[PDB]
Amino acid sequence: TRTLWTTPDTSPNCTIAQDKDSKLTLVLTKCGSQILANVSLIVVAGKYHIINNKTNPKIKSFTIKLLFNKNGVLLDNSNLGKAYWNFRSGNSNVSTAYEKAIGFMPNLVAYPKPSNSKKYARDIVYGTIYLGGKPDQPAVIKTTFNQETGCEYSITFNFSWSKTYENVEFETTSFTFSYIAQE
């Protein structure tokens, strides 16, 4: 069945530190009870565009959050802009915002919201991507399901690095993962 995506162009669609400073490319394809996900990031401007940890040793991580309501609709506090997220139609999107995508949401039994109960690590997936496609420029992408407040479901991407990069543009290789679907 279907695919929810950001069209795979390079037009900025995401706000990390300043308005439209990045293009998140995210494709979610439903394969029954699992969602197959493919993600990459291009930071085009602003604080995170060029990393220089000699001049700014403190800049070592940032987060992009996707927050969804009970119908699986993206909420406006998300870093990703609402106009950019929809079911695929060709290399573009359907012309009208979708009303329902619960089949694409991370499963709440697998990945419960924060509560008074024990929190398990299975709601996280780690991966490594590479800045500029260079094998000696790893950064970690940590993806977490359903851990944000103010929403019914969430997918968050935390990008971090441990090396001292000097004038390295933050644009990444791609990473694939999956997660258990709500229905």
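Between two forms, the rigid core is the largest collection of C-alphas that superpose within 1.5 Å. Throughout, we count residues from 1 along the sequence that is shown.
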Worksheet item: Following superposition on the rigid core, is the mean squared CA displacement, expressed as RMS, greater for 49-57 or for 113-121 in 9 other deposited structures of this protein?
Response: 113-121
Practice prompt. Select between 171-179 and 10-18 the stretch whose C-alpha atoms have the higher average B-factor in the entry.
Written response: 10-18
Worksheet, complete the sentence: With B-factors read from the PDB entry, the higher C-alpha mean of 85-93 and 99-107 is in 85-93
Item to complete: Would you mind checking which of 33, 156, 128, 38 has the top Cα temperature factor in the PDB entry?
Response: 33
Worksheet item: Per the coordinate record, which of the options 142, 119, 65, 134 holds the highest CA temperature factor?
Response: 119
Response to the item:
Among the modelled residues of its chain, the C-alpha B-factor of residue 164 falls in the third labelled highest
Fill in: Lowest, middle or highest third - CA B-factor, residue 44
middle
Worksheet item: Sorting the chain's CA B-factors, does residue 52 end up in the lowest, middle or highest third?
Response: highest
Practice prompt. Among all modelled residues of this chain, ranked by Cα B factor, put residue 59 in the bottom, middle or top third, i.e. lowest, middle or highest.
Written response: highest
Fill in: Third of chain Cα B-factors occupied by residue 149
highest
